[PDB]
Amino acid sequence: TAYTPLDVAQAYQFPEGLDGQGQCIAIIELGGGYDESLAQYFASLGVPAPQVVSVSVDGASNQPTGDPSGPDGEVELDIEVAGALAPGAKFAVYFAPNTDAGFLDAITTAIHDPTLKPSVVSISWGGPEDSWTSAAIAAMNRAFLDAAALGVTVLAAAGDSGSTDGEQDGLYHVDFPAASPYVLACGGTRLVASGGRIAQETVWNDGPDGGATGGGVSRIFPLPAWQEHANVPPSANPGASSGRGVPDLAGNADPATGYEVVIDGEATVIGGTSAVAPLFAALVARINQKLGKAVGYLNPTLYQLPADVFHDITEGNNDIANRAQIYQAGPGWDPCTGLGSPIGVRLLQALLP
């Protein structure tokens, strides 16, 4: 199976009549490029190609490498998914070197950008939280904090290597920046839909060889107040305390039921949690447009909303390391899919004045 991004937005009942006009979505990139074949693809979808402007950071810039398996794959997937679904939005793509500094610097640049003022920041890059310097973590978090104060929604993909996050030391790890309490962490599912109805939605897990959604409990960031009613367990690692549970929301990421994109001029099908942050970023822009105001930092509200605002995933696990089924999805918040997939019209309604 394959879907267009529009197929997936209908399953998730995105609000109609809204295309993100008046909103600017920042997308962070740590490599590659795109070619402005993007218009071609949006044409093929029957939607207008939005305005896309690239921004140089720390000397880096829009430079496609030709390899659909390199960063170009991340960049164009990111732009195609949010752009297809928020085509009235303006797209600001910040290119920075793939490092500690560049990543921080691209995020700080976007958030504070006085020309383009994105109201949403989508991120599809990261690494095990335990892999980041102390200083990069703190800096990254204060950047997110600054985003919340400016009414900017920051969304991050939770990872494509299951509960172990590609670390082969035998322990469970969560990815950063999705582990930041100030980020909307986006995990992944396997979606079977049609007629705009969800027939089946389960944890994305294609074992060691095909990826799984990241998800779990942070051993660096404390359980936030607003997560206290979400039955987050302690980290499964020995001795581990209470910590921020990852993720908050989840959506179609299984490449087996993936997104029809064009990458480096080739038609192909792709998944990963990489696509879910751009997906919900478009959701949030349509909502800001309807409301006339940026919703900014959403995690405290989301965990206070009625549960029926979300489609709950309750089956499956994100373990690709062993047979212990860590972690398992369940009724309500769980460490594979968080609150579940958002029901667009219901999320907008809950937030209307």
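Numbering starts at 1 and follows the sequence shown.
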Legend entry - Continuity check for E36 and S37, given as deposited residues lacking coordinates between them: 1 to 3
Legend entry - Between the two ranges 141-149 and 234-242, the one averaging a larger CA B factor in the entry: 234-242
Legend entry - Average Cα temperature factor in the PDB entry - higher stretch of 298-306, 39-47: 39-47
Inset, instruction - Name the residue from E266, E129, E76, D248 with the greatest C-alpha temperature factor listed in the entry. - result: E266
Inset, instruction - Among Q200, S274, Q168, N252, single out the one with the highest C-alpha B factor in the record, please. - result: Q168
Legend entry - Third assignment of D113 from its chain's C-alpha B-factors: highest
Inset, instruction - Could you look up the Cα B-factor of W226 in the entry and say which third of the chain it sits in: lowest, middle or highest? - result: highest
Inset, instruction - For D319, return the chain-relative third of its C-alpha B-factor as stated in the PDB record: lowest, middle or highest. - result: middle
Legend entry - Modelled-residue ranking by C-alpha temperature factor, third containing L191: lowest
Inset, instruction - Please rank the C-alpha B-factors of the chain's modelled residues and tell me whether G20 sits in the lowest, middle or highest third. - result: highest
